[PDB]
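[1] Based on what follows, work out the 3D shape:
(one chain, ligands or ions: 1)
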Amino acid sequence: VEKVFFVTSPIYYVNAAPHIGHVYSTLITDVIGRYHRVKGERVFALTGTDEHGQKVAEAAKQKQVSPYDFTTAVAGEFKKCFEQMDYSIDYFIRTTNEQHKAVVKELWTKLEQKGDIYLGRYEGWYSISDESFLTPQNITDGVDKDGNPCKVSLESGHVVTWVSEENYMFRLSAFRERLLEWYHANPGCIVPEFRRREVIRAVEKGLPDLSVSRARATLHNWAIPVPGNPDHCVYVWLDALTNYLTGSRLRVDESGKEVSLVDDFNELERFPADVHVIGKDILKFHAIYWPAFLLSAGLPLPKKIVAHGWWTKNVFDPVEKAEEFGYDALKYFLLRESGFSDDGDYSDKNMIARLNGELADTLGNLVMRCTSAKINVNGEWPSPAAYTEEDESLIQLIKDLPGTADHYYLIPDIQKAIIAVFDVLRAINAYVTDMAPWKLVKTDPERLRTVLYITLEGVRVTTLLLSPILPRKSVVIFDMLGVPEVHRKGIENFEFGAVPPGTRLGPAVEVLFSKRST
Ligand code: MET
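    Numbers count the residues shown, from 1 in each chain. Provided below are the atomic coordinates:
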């Protein structure tokens, strides 16, 4: 069933300036988006800011400025940061947007009409930093920035507070079975698997109803009013989760401004999300509440939620490190160094190690070998002669690479997709070392034709599959190889031999990735 591939990042709270956490989440969103564009699919990637709520209002009162001003300013910083990082996100959404508020009111009303929202009370703990209702088993003793004995969350370690309010409640308990049916029927719907097992055991243990409104005094009136009850506001999370639905209904122009809000989501072919990218800290909201809301309203459910191991909500400034080591290099490192854990070190030591060892020595050196005037004397893709069994063993790897990488990208597991490409790059280097084409120019020109061609095609296919990870460097690489534009995109060009012999190399000026001191 052909649709627009819809991939999202979380929308980030604007209480604080952007940092690595948001960058990483949005990078993963971007890379997925980019891969599906390379595949030749229609894409809509979405990122944004979560601007309402008690936490943002209190962050604004701290800086002593009006919530409206504060949110607009920080949202501007988020846009500036994502432009600087050179992402390719299709739209940046803000929950302050009037069209978003409209959607939230439609959704609220639907849920209320379906009989799934009732007037009740919430009496219990709450973390204002996490905007999360917690049960007594999720709290314990700690300290506030005062150094005073207070209660704190087990999840996050943020300070908790008792809440006792008459609140609109969502009948989440009613969706326990349907959610379990969903998890079991679609065993890939939550990645990675151990996070899937967590959600299941949680929902198995039973679900309480969820407070979806709060007394307007509590939130300092910085939130969306409940339809037909201006004393209550919509829970920042029902507000925030609904962005995905809103994004799927916005027509967007050349510039990137929202220009229209279609009534029916089907009109734009985006909903539901194919991949929701999130951090592990917000799994419950995306894997439990969000699908229950959609079930209540009769909306389609997302296909995949992927939860990585950072926290969405000693310094590491990504814009700064990118200026030092290069943008693509940094992205690669972040994507390669870490899978589904915090573990893996992000030090300058290991950062330089990967730059020099993989990007420069493995990829960079290989690109210079197959384009060198010394080795490639004609500056063109040569026509291969007969293939040895060794030739054919490398070709087999190059041919198998796209299918393997495709699966990894789709899981999605971007680390394993990188590892798989680089395994082929390591192979090509070994092959080149064995064949020693520098010697062959003098000894056996017919043999060189064959070696060089395989090497070039290996470099091209690896580079194509790495183009979502190294979007600027892939282009430079292709420019060196003289690969025509049409051959830089599309599944047709995952195939071995897509670029014909006689294709001329691009001119020289020039090192691809420069190495650095330890
Ligand atoms: C619907 S995504 C909401 C995520 C939350 N605002 C955060 O910053 O972590």
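[2] out of everything not next to it in sequence, what's closest to whatever residue of the stretch 151-300 of the chain ends up closest to the ligand?
    Residue of the stretch 151-300 of the chain nearest the ligand, by C-beta to the nearest ligand atom: residue 240 (4.1 Å). C-betas here are computed from N, CA, C, even on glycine. Distance criterion C-beta to C-beta, 6 or more residues apart in numbering; nearest residue to residue 240, sequence neighbours excluded, is residue 50 at 4.6 Å.
[3] Number of residues surrounding the one you found?
    For residue 50, the neighbour count with other C-beta atoms under 10 Å is 26.
[4] So residue 231, which state does it fall into?
    Following DSSP: H, G, I helix; E, B strand; the rest coil, we place residue 231 in the strand state.
[5] residues in contact with the nearest residue to it once chain neighbours are set aside?
    Among residues not flanking residue 231 along the chain, residue 216 sits closest, at 5.8 Å (C-beta to C-beta, 6+ apart). Shown in contact with residue 216 (C-beta atoms under 8 Å, 6 or more residues apart in numbering): 223, 225, 230, 231, 232, 233.
[6] Now rank these by neighbours and give me the top one.
    Result: residue 233 is most packed of the contacts of residue 216 (other C-beta under 10 Å), 27 neighbours.
[7] Verify the stated contact: that residue with residue 223.
    Yes: with contacts counted by C-beta atoms under 8 Å, residue 233 reaches residue 223, the gap being 3.6 Å.
[8] between those two, what contacts are shared?
    By C-beta under 8 Å, 6+ apart, residue 233 and residue 223 have these common neighbours: 52, 214, 216.
[9] near the ligand, which of the contacts of residue 216 show up?
    Among the contacts of residue 216, not one lies near the ligand by C-beta under 6 Å from any ligand atom.
[10] Check the stretch 51-200 of the chain for the residue nearest the ligand and tell me.
    Going by C-beta to the nearest ligand atom, the ligand is nearest to residue 131 of the stretch 51-200 of the chain, at 7.3 Å.
[11] neighbours of that residue, just the number please.
    Residues near residue 131, counting by other C-beta under 10 Å: 23.
[12] what's the answer for residue 495, then?
    Taking other C-beta under 10 Å as the definition, residue 495 ends up with a neighbour count of 12.
[13] again with residue 358
    The tally of other residues near residue 358 (other C-beta under 10 Å) stands at 20.
[14] do the same with the one 4 residues further on
    By the other C-beta under 10 Å criterion, the neighbourhood of residue 362 contains 17 residues.
[15] Report whether it is found in a helix, as I expect.
    Yes: counting by three-state DSSP, residue 362 is located in a helix.
[16] Secondary structure class of the closest residue to it other than its chain neighbours, three-state.
    Spatial nearest neighbour of residue 362, excluding adjacent residues (C-beta to C-beta, 6+ apart): residue 425 at 5.2 Å. Of the three states, residue 425 takes helix under three-state DSSP.
[17] Surely residue 169 is in contact with residue 112?
    No: judged on C-beta under 8 Å, residue 169 makes no contact with residue 112 at a distance of 11.4 Å.
[18] rewinding a little: ok, so of the shared contacts of residue 233 and residue 223, who is nearest residue 370?
    Proximity of the shared contacts of residue 233 and residue 223 to residue 370 (C-beta to C-beta) peaks at residue 52, which lies at 54.3 Å.
[19] which ones are touching the closest residue to that closest one other than its chain neighbours?
    Excluding the flanking residues, the one nearest residue 52 by C-beta to C-beta, 6+ apart is residue 223, at 4.4 Å. By C-beta under 8 Å, 6+ apart, the residues touching residue 223 are 52, 53, 214, 216, 233, 234, 236, 239.
[20] Would you mind measuring from residue 223 to residue 249?
    Distance from residue 223 to residue 249, counting by C-beta to C-beta, to the nearest Å: 21 Å.
[21] State the number of residues packed around residue 53.
    Residue 53 has 27 neighbouring residues, counting by other C-beta under 10 Å.
[22] again with residue 201
    Neighbour tally, residue 201, other C-beta under 10 Å: 9.
[23] Pretty sure it sits in a helix.
    Yes: assessed with three-state DSSP, residue 201 lies in a helix.
[24] Remind me what whatever helix or strand residue 44 lives in packs against, helices and strands.
    Using DSSP states H and E, residue 44 maps to strand 43-50. On a contact count with 3 or more C-beta pairs under 8 Å, 6 or more residues apart in numbering; DSSP states H and E, strand 43-50 meets strand 5-13, helix 20-38, helix 67-84, strand 91-94, helix 236-241, helix 243-247.
[25] Mind listing residues that contact the last one?
    In this structure, residues lying in contact with helix 243-247 by C-beta under 8 Å, 6+ apart are 8, 11, 44, 46, 48, 50, 91, 93, 95, 97, 99-100, 103-104, 107, 261, 265, 270-273, 276, 299, 302.
[26] Past that helix, which element shows up next along the chain?
    Counting by DSSP H and E, what follows helix 243-247 is strand 250-252.
[27] Tell me the first helix or strand C-terminal of that following strand.
    That would be, after strand 250-252 and using DSSP H and E, strand 258-261.
[28] And that next one, how far out from the chain middle?
    Centre-to-centre, strand 258-261 and its host chain are 24 Å apart (C-alpha atoms, centre = their mean, to the nearest Å).
[29] same check, this time on stretch 90-103
    The answer for stretch 90-103 is 20 Å, by C-alpha atoms, centre = their mean.
[30] How about it, which residues are buried there?
    Neighbour counts using 16 or more other C-beta atoms under 10 Å place 90, 91, 92, 93, 94, 95, 96, 97, 100, 101, 103 of stretch 90-103 among the buried residues.
[31] With stretch 289-309 instead?
    For stretch 289-309, by 16+ other C-beta under 10 Å, it's 289-297, 301-302, 304-309.
[32] Ok, stretch 324-341 next?
    Of the residues in stretch 324-341, 325-340 count as buried by neighbour count, 16+ other C-beta under 10 Å.
[33] Just the ones of the residues you listed in helices?
    Among these, the residues falling in helices (DSSP state H) are 325, 327, 328, 329, 330, 331, 332, 333, 334, 335, 336, 337.
[34] The second one against residue 83, yeah?
    Spelled out, that is residue 327. No: with contacts counted by C-beta under 8 Å, residue 327 stays clear of residue 83, the gap being 11.8 Å.
[35] about what we covered before: could you pick out which of the contacts of helix 243-247 are near the ligand?
    11, 50.
[36] if we can go back for a sec, for the buried residues of stretch 324-341, work out which two are farthest apart.
    326 and 340 (25.7 Å).
[37] Which residue is the nearest non-sequential neighbour of residue 118?
    Going by C-beta to C-beta, 6+ apart, residue 118 has residue 169 as its nearest residue, at 5.6 Å.
[38] so that neighbour, which of the three states?
    Assigned with three-state DSSP, residue 169 falls in the strand class.
[39] which residues of the stretch 351-500 of the chain fall in helices?
    Listed in chain order, the helices of the stretch 351-500 of the chain (DSSP state H, counting those that start in this stretch) span 365-371, 389-410, 414-435, 437-443, 445-466, 471-481.
[40] Please state the offset of stretch 76-89 from the chain centre?
    For stretch 76-89, the distance to the chain centre is 14 Å (C-alpha atoms, centre = their mean).
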